[PDB]
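Before any comments, here is the structure.
Basis: the model, the stated rules and, where named, an outside source; nothing here is a laboratory result. FYI the Cβ positions are ideal-geometry reconstructions off the backbone, even for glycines, and counts take in every protein chain you see.
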Amino acid sequence: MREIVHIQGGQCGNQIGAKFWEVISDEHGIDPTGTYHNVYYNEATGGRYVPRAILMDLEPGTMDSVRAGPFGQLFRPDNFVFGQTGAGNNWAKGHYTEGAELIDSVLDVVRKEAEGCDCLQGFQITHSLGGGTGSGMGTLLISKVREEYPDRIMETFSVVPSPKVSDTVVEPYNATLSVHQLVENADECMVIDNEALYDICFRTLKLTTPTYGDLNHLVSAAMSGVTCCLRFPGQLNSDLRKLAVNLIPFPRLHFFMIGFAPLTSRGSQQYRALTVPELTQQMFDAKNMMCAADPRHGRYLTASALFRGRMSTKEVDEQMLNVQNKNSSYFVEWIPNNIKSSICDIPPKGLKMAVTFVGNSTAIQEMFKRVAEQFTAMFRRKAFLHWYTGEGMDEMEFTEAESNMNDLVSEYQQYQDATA
Amino acid sequence: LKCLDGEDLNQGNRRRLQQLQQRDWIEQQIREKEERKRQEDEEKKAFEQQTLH
Ligand SMILES: Nc1nc2c(ncn2[C@@H]2O[C@H](COP(=O)(O)OP(=O)(O)O)[C@@H](O)[C@H]2O)c(=O)[nH]1
């Protein structure tokens, strides 16, 4: 009941999804053979647990990899709908040219996955924004299914481009297109960025050789913690919608920030105590989150915190109220108790307490200002446009897309100034 | 006519005896139902093994 269809997509989507299903198989005690030793898995003959998930890419590369690595037997081969021509970092190439040629089968399998459910609650996506395959295919799929399923909610665990050193040079174009699409037909654009992950792995775990495995494991932990207070017993339960309703005051204002706690090295593990005050110290610090927007250089329209662990309750609420009424400047004023909490009863594997802290803030306006600025600087010279027009598209969208982008921040800053 | 045995004097005994009999039969039926259910599950497992082979 209240199932979830996981939609992969793009190279980043495939890798993060592999890591996510790894973490879920760990938590629910599933070995990589497929047996046990309904919210996510589907039962199959002989007690087998096949993950309710779908992979996709215009290239069979990362699919081949995740089918070769660990936990490659779980996902059924009917859900590996994959083209062989590749997209190649061209959003139009993966949203207008090959979109119409593979989206048919993708919608077919997604329908056969959703109808196979009884009472679906929401969707949940993992993709990038610059890479053609990820951004294009994923946002086209979101468009189709949201124009198909109107009542259920969306979830985009989207990795935005890093600020300083990009991964692709034409990144801002695909980024602004995907953010003008997802702002219209998606309820949570939970943004993640790599450089903050690097700063974390150097500052709060001491791993001086940060490989993508550890970053993917961290975002996997956050993603799992997002919904853990649903598939477990809870002193005060939550879901994908209690968040979604305690979070967004206005449907456009739905671009969150993420944070996980606690994070410790091997040396620090022995000494650091695990009680809700230091968990709060961590979850409300700047260098602890996974976003390129200093939370101390903005405010919080709202912020929810899912706890995990058999701990007290009065102290949770007391520390929430203290953190609020202390930094009342760093929070917004016109809303009362802008901090929402929830508590489950089962901690993760390896700890005893855990906090997934998500927040609808207004600091990400810096990130969108940076992206819009790069867009202007790369567009006012028609640079790299002869690709995005050879694939059936006129510059109009871009401008209007960027136009919509402006309005977005034009609201954020506004609400950061109102006082009543 | 001073007293008429048509009134039930030992109603408590009737009630308690019927309660105990009903509990006994309910226990027997619960046991046989659990047995039937487990047998159905094991037959389904047998078909599973046949198909896997
Ligand atoms: N956190 C994280 N981000 C990744 C990873 N791999 C790729 N990304 C991002 O994924 C983006 C590429 O998007 P994608 O469409 O999948 O590449 P394409 O298939 O060649 O078009 C790049 O901007 C990368 O930065 C990863 O392993 N971890």
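Every condition in (1) outside the structural domain of A:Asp345 (by CATH); (2) in contact with a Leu (Cβ under 9 Å, 6 or more places away or on another chain) is met by A:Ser265 except one, and the failing one is (1). Looking across chain B, the residues that are away from every other protein chain (no Cβ under 14 Å) and not in a helix (DSSP H, G or I) come down to B:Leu1, B:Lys2, B:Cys3, B:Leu4, B:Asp5, B:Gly6, B:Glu7, B:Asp8, B:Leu9, B:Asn10. Of the residues A:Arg146, A:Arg111, the single one that is away from the ligand (no atom under 16 Å from the Cβ), basic (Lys, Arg) and surrounded by fewer than 16 Cβ atoms within 10 Å (Cβ to Cβ) is A:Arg111. Against the numbered list (1) surrounded by 18 or more Cβ atoms within 10 Å (Cβ to Cβ); (2) touching an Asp or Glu at 6+ places or on another chain (Cβ under 7 Å), A:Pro348 comes up short only at (1).
Only one entry of A:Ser162, A:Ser158 meets the criterion of being more than 28 Å from A:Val39 (Cβ to Cβ) and within 16 Å of the ligand (Cβ to nearest atom), and that entry is A:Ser162.
Is it true that some residue in region A:279-288 is assigned to a loop (DSSP other than H, G, I, E, B) and among the charged types (D, E, K, R)? Looking for residues that are assigned to a loop (DSSP other than H, G, I, E, B) and among the charged types (D, E, K, R), one finds at least one in region A:279-288, hence yes.
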